[PDB]
RNA sequence: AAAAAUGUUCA
RNA sequence: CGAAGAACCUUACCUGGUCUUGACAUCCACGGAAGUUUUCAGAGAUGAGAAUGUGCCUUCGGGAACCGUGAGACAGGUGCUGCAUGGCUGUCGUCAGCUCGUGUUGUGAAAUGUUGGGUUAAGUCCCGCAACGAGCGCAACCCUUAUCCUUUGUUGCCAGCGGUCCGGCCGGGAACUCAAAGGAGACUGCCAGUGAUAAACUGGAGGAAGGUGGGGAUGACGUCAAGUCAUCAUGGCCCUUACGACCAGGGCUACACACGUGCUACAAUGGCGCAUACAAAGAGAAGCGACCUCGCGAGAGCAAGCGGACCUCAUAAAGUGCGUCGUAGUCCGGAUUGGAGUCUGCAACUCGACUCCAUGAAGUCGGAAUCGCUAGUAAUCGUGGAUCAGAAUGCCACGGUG
């Protein structure tokens with residue numbers, strides 16, 4: 001198809017960037033790379049957690065790190081006992097000063113990476129696909145939504161006669177670029193090949 | 001100076017200070033045919049001036065910059081009668097309907113990826 | 001189509017006061033450019049002026065509005081039978097077409113310069129050396145003698 | 001009904017303000033009395049079988065009692081009263097009007 | 001990928017400015033276009049070692065030369081990937 | 001005198017949260033300069049959107065990187081305390097002169 | 001209301 | 001076209017040198033600070049050496065980094081399946097379509113809606129109707145450009161003011177153009193007529209701009225087992241002293257043909273010689289490199305300036321006025337080749353670019369046939385950028401004329 005990156009649209013209206021910090025052509029490359037390294041380890045060790053956004057401010061080229069969680073469990077009952085360890089990795093990779101700031105999403109499971117990673121994990125334990133997605137679609141509407149639309153891949157069982165699981169639900173426009181829509185990507189993995197996971201949730205307006 | 005005019009037409013914008021004095025066109029210490037070579041251009045911008053007859057009775061300085069050759073003269077033509085809608089507001093109608101405070105919007109359009117020009121695309125054959 | 005489509009109006013030649021003269025520079029347009037075109041216009045104009053102290057403008061006008069095009073063949077439905085309909089040309093478009101042709105005719109007369117062409121060429125008014133006489137013998141030959149209808 | 005009053009049902013362009021005005025004025029043209037209800041009446045006198053024939057089918061599938069009169073070319077059916085008559089006359093139609101108004105809230109008085 | 005093809009590429013850059021570049025660049029007048037003196041000349045053609053003219057800039061996540069951008073230090077797709085997701089400040093679609 | 005170069009991406013940033021240093025500087029210094037523009041040093045790219053062939057589709061990029069620089073000029077050299085140590089801002093090139 | 005065929009096997 | 005640059009190197013291909021828990025990963029044990037400068041032979045990979053350094057902490061054992069060796073579990077594979085696939089992209093198609101829920105009709109498949117009468121650029125809006133409601137799409141909502149207002153004035157500006165090395169060269173003024181943040185505006189909104197009094201349409205005005213204003217960006221539910229395992233990701237399959245790995249040379253720039261996509265001319269509406277006119281937008285500290293000196297020249301030296309509305313790249317070209325040549329394959333055109341040079345690189349023989357001179361072609365505007373383009377479009381004339389050590393008649397972008 002001919003497609004357009006969905007949250008790639010609403011940059012500057014209400015959607016931020018993840019590398020916002022001024023810089024020059026020499027270090028543009030370098031600092032970009034530098035962030036993403038540390039992100040890889042992060043998400044995997046914070047897959048005991050449902051994570052929600054990550055952004056960098058470089059306030060003095062001494063980083064910031066404003067990782068988001070949706071569980072507050074990261075910082076309660078391992079209050080810094082945890083977080084230190086993460087900051088430690090930060091220091092290890094980034095040879096400039098290393099500091100960490102943790103934010104919270106009170107939304108538990110709905111919108112952005114939260115329905116992303118959630119629905120992936122289910123496929124990867126081979127929870128009933130048909131019924132699985134259906135429960136995750138009533139859920140997000142319980143907690144309220146103006147409509148959510150997941151789309152996953154077909155070719156179940158490795159073969160194809162047409163049985164691709166689709167989902168639209170609710171109302172999910174994309175004409176108005178000021179009625180603001182969430183989107184994340186994530187991918188499941190199966191022992192017959194990768195399945196796409198793409199979540200398009202309609203909460204928002206400016 | 002006692003009447004000013006903008007007029008920005010074909011990417012050239014031209015200052016106009018219409019001064020008290022006498023018919024003459026002084027533009028960058030010269031004339032038209034002196035700030036440029038042979039011109040068709042010179043006649044065209046005198047067209048509003050004979051339209052009801054002026055420039056025998058006031059003096060003007062013009063400082064056009066950038067854009068075209070015709071584009072410069074575009075700017076001259078535009079700003080003089082954006083300073084002669086304010087010298088006369090009776091010919092307000094007779095300048096907008098005579099298309100001299102009308103901005104030309106036929107401006108050069110940009111190139112695209114996969115196209116040679118603004119609309120041009122490759123030829124195909126096989127013989 | 002469903003709209004009559006034209007475009008912006010060109011300006012009349014400003015140092016002889018004549019739209020026809022300006023539309024004939026356009027005909028001669030060389031490099032995409034009116035400039036190097038206007039030279040030769042004016043060069044051959046003078047040639048004509050010398051031989052013709054009176055207007056040398058009525059040797060364009062007569063020649064080309066003697067020639068009155070009328071022929072093509074189309075078809076339309078009428079009463080439930082289509083018929084092969086011959087169609088007349090409207091008197092305005094006759095004009096519009098005709099002015100061009102004579103000046104189109106240059107750059108093939110195998111001269112050195114467009115002086116010697118357009119000069120000797122244009123001067124004639126009904127005894128043309130231009131395409132105007134050469135289309136006469138086809139337009140009226142055809143029409144109403146091998147054309148079954150208006 | 002109460003939105004009507006407010007200036008935010010007639011805000012911005014005419015391609016909104018009078019679009020909302022039209023879409024409501026022609027949505028209580030004849031359906032103004034049907035929004036006063038929330039449910040289903042006990043009775044439903046129709047005059048037709050030429051444009052209320054959907055009533056004489058569907059609401060006798062719900063079993064809601066239809067009383068009725070002829071169109072003079074069809075006999076209404078599904079029904080449980082029907083009358084010989086016409087759908088036009090002032091000794092027919094206009095005459096029956098006044099048994100609506102004086103027998104219905106006048107049934108237990 | 002091709003881990004192996006990459007591995008190579010890396011080490012060229014160490015020697016590039018540690019046993020070449022100011023070791024080699026030591027030519028001065030008498031060995032360039034200013035002047036000539038065959039002594040010095042032929043004994044600084046004698047080492048070749050590593051060279052940055054035998055080094056491509058490379059993508060640091062592919063190491064192909066095709067469709068390279070200095071500007072981000074990465075290839076075609078390894079720009080576009082990031083950029084679509086809205087990670088990078090102020091890059092936007094053309095729309096003027 | 002002093003050159004103050006504010007060079008940042010967004011207009012929501014070169015114009016917003018940048019007034020906090022114009023403020024504090026009035027008292028310590030003796031003048032302010034308002035936010036003077038500059039011809040904006042900008043980019044635009046093209047990256048081939050396909051992973052293989054199809055040059056009919058390439059993603060065409062733009063990127064204004066705005067320049068209103070402000071550029072407070074001070075013969076007063078007592079400005080510096082409340083100017084620079086006190087106040088802070090990131091996402092914006094902060095540059096000072098004599 | 002302006003002539004005109006032909007399509008190896010297999011989802 | 002993938003490939004915005006194939007000398008070697010890259011680069012997968014080839015020929016050769018060379019190796020097999022490995023070139024690349026983790027973990028365990030052994031030895032040893034890491035390293036430093038150097039010798040010989042080899043094409044190099046390397047192999048075999050000579051001296052030199054004795055770091056970081058210690059709880060003195062121990063570690064921390066790292067180097068060599070040992071050993072496997074393992075590792076490696078741009079290898080094969082794009083009909084095992086994700087992701088991406090193209091495609092019809094920027095087409096106005098596409099449905100759904102509820103009710104109803106029909107035994108059902110399905111239908112309705114979504115059809116009809118008008119209308120819209122549009123399943124656009126109105127009227128009507130066993131259809132009633134809702135969702136995706138279309139345009140809308142995002143951008144940008146056409147005026148004018150607001151502010152802010154340095155590296156930018158020069159009205160009006162004086163000075164002037166006469167040069168915005170100086171102060172000076174922020175008016176102005178410009179800059180660039182925030183606005184004003186357009187809404188068939190008004191005016192007439194037309195139209196089912198309906199929706200709506202056509203003219204009119206005013207304006208910078210009317211009736212989807214002009215230019216972007218947006219590809220529906222989907223189809224093409226479309227392309228892409230070699231961008232990347234990956235299911236299975238396969239190779240395992242190797243389909244693995246490391247190095248040197250050669251190839252990817254043959255050629256006996258055929259075709260695609262380009263560039264350049266054939267000329268006076270031009271060519272050449274002179275002088276001369278006006279642009280816009282980008283580039284940039286191993287960076288751009290003025291200047292001034294030499295070099296006919298390419299360019300080399302010498303060296304300032306700028307972190308670039310400062311300085312450098314930087315010098316627009318058609319155009320213009322004059323000089324000429326006369327329609328000749330020439331004064332057109334420029335291939336081919338000879339000889340001499342510049343530069344990037346260790347180094348340019350295959351297969352790097354530029355200049356000087358000499359040699360001076362084919363081609364005399366192109367058949368049958370065939371293609372694009374509706375306006376600042378076609379046309380034409382330059383210009384800059386990327387890529388890039390170093391390779392544009394290529395790609396990308398910008399304005400002039402038209």
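Would you confirm, using the coordinates I've provided, whether residue C:47 is in contact with a helix residue (DSSP H, G or I) (Cβ under 8 Å, 6 or more places away or on another chain) and either within 14 Å of chain B (Cβ to nearest Cβ) or surrounded by 11 or more Cβ atoms within 10 Å (Cβ to Cβ) (or both)? Against the criterion (in contact with a helix residue (DSSP H, G or I) (Cβ under 8 Å, 6 or more places away or on another chain) and either within 14 Å of chain B (Cβ to nearest Cβ) or surrounded by 11 or more Cβ atoms within 10 Å (Cβ to Cβ) (or both)), residue C:47 qualifies. Against the numbered list (1) part of a helix (DSSP H, G or I); (2) touching a strand residue (DSSP E or B) at 6+ places or on another chain (Cβ under 9 Å), residue E:59 comes up short only at (1).
All conditions in (1) at positive phi; (2) within 14 Å of another protein chain (Cβ to nearest Cβ) hold for residue B:53, with the sole exception of (2). Would you call residue C:76 away from RNA strand H (no atom under 16 Å from the Cβ), exposed (fewer than 14 other Cβ atoms within 10 Å of the Cβ) and farther than 15 Å from residue C:103 by Cβ? For residue C:76, the condition - away from RNA strand H (no atom under 16 Å from the Cβ), exposed (fewer than 14 other Cβ atoms within 10 Å of the Cβ) and farther than 15 Å from residue C:103 by Cβ - is met.
The single condition among (1) within 30 Å of residue E:61 (Cβ to Cβ); (2) assigned to a helix (DSSP H, G or I) that residue E:21 does not meet is (2).
When the range C:20-38 is limited to residues that are under 15 Å from residue C:115 (Cα atoms) and more than 6 Å from RNA strand H (Cβ to nearest atom), the one that is farthest from the other protein chains (Cβ to nearest Cβ) turns out to be C:24. The residue list F:24, F:65 contains one member that is more than 6 Å from RNA strand H (Cβ to nearest atom) and assigned to a loop (DSSP other than H, G, I, E, B), which is F:65. Mind checking whether some residue in the range F:55-64 is under 20 Å from residue A:5 (Cα atoms) and away from chain E (no Cβ under 14 Å)? Yes, the range F:55-64 contains a residue that is under 20 Å from residue A:5 (Cα atoms) and away from chain E (no Cβ under 14 Å). When the residues of the range C:94-119 are filtered to those that are in contact (Cβ under 8 Å) with a residue 12 or more places away in the chain and more than 15 Å from residue C:28 (Cβ to Cβ), the one that is nearest to RNA strand H (Cβ to nearest atom) is C:97.
Screening residue F:51 on (1) in contact with a helix residue (DSSP H, G or I) (Cβ under 9 Å, 6 or more places away or on another chain); (2) surrounded by 16 or more Cβ atoms within 10 Å (Cβ to Cβ); (3) within 12 Å of chain E (Cβ to nearest Cβ) shows it passes everything except condition (2).
Within the range D:11-47, the set of residues being in contact with a strand residue (DSSP E or B) (Cβ under 8 Å, 6 or more places away or on another chain) and exposed (fewer than 10 other Cβ atoms within 10 Å of the Cβ) comprises D:43 only.
Of all residues in the range B:70-127, those satisfying the criterion of being in contact with a strand residue (DSSP E or B) (Cβ under 8 Å, 6 or more places away or on another chain) and near RNA strand H (Cβ under 6 Å from one of its atoms) are B:72, B:103, B:112, B:113.
Restricting the range B:49-87 to residues that are more than 11 Å from the chain's Cα centre (by Cα) and part of a helix (DSSP H, G or I), the residue that is farthest from RNA strand G (Cβ to nearest atom) is B:49.
Condition check for residue F:46 on (1) over 22 Å from residue A:18 (Cβ atoms); (2) surrounded by 15 or more Cβ atoms within 10 Å (Cβ to Cβ); (3) within 14 Å of chain E (Cβ to nearest Cβ); (4) near RNA strand H (Cβ under 6 Å from one of its atoms): one failure, at (2). Any residue at all in the range A:43-59 that is touching a strand residue (DSSP E or B) at 6+ places or on another chain (Cβ under 7 Å) and within 16 Å of RNA strand H (Cβ to nearest atom)? The answer is yes, given that some residue of the range A:43-59 is touching a strand residue (DSSP E or B) at 6+ places or on another chain (Cβ under 7 Å) and within 16 Å of RNA strand H (Cβ to nearest atom). Condition first: within 23 Å of residue B:68 (Cβ to Cβ) and within 14 Å of chain F (Cβ to nearest Cβ). Now tell me which residues in the range B:85-117 satisfy that. Listed by number, the residues that qualify are B:110, B:111. Restricting the range C:19-33 to residues that are without any contact (Cβ under 8 Å) to a residue 12 or more places away in the chain and either within 24 Å of residue C:58 (Cα to Cα) or out of contact with any helix residue (DSSP H, G or I) (no Cβ under 9 Å at 6 or more places or on another chain) (or both), the residue that is surrounded by the fewest Cβ atoms within 10 Å (Cβ to Cβ) is C:32.
Inspection of the range C:82-93 finds a residue satisfying the criterion of being over 16 Å from residue C:16 (Cβ atoms), away from chain B (no Cβ under 14 Å) and within 16 Å of RNA strand H (Cβ to nearest atom). When we screen A:126, A:131, A:106, A:87 for residues that are surrounded by fewer than 13 Cβ atoms within 10 Å (Cβ to Cβ) and part of a helix (DSSP H, G or I), the only hit is A:131.
Taking the range A:134-166, which residues are assigned to a loop (DSSP other than H, G, I, E, B) and under 20 Å from the mean Cα position of the chain (by Cα)? Listed by number, the residues that qualify are A:143, A:144, A:145, A:146, A:147, A:153.
Would you check if residue A:143 is within 6 Å of RNA strand H (Cβ to nearest atom) and either surrounded by fewer than 16 Cβ atoms within 10 Å (Cβ to Cβ) or within 14 Å of another protein chain (Cβ to nearest Cβ) (or both)? Answer is no for this residue. Is it true that some residue in the range F:84-94 is touching a residue at least 24 places away in the same chain (Cβ under 8 Å), within 14 Å of chain E (Cβ to nearest Cβ) and in a strand (DSSP E or B)? Yes, the range F:84-94 contains at least one residue that is touching a residue at least 24 places away in the same chain (Cβ under 8 Å), within 14 Å of chain E (Cβ to nearest Cβ) and in a strand (DSSP E or B). Looking only at residues in the range A:13-40 that are in contact with a helix residue (DSSP H, G or I) (Cβ under 9 Å, 6 or more places away or on another chain), closer than 19 Å to residue A:87 by Cα and within 10 Å of chain E (Cβ to nearest Cβ), the one that is surrounded by the most Cβ atoms within 10 Å (Cβ to Cβ) is A:19.
To keep it simple, each residue is scored yes or no on (1) under 26 Å from residue A:36 (Cα atoms); (2) facing another protein chain (nearest Cβ under 8 Å); (3) in contact (Cβ under 8 Å) with a residue 12 or more places away in the chain.
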| site | (1), (2), (3) |
| --- | --- |
| E:39 | no, no, no |
| E:43 | no, no, no |
| E:47 | no, no, yes |
| E:50 | no, no, yes |
| E:58 | yes, no, yes |
| E:61 | yes, no, yes |
| E:64 | yes, no, no |
| E:76 | yes, yes, no |
| E:89 | yes, yes, no |
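Any read-out appearing in this document is the output of simple, stated calculations on the displayed coordinates, not a laboratory observation. Positions of Cβ are backbone-derived with ideal geometry, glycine not excepted, and every protein chain shown enters the neighbour counts.
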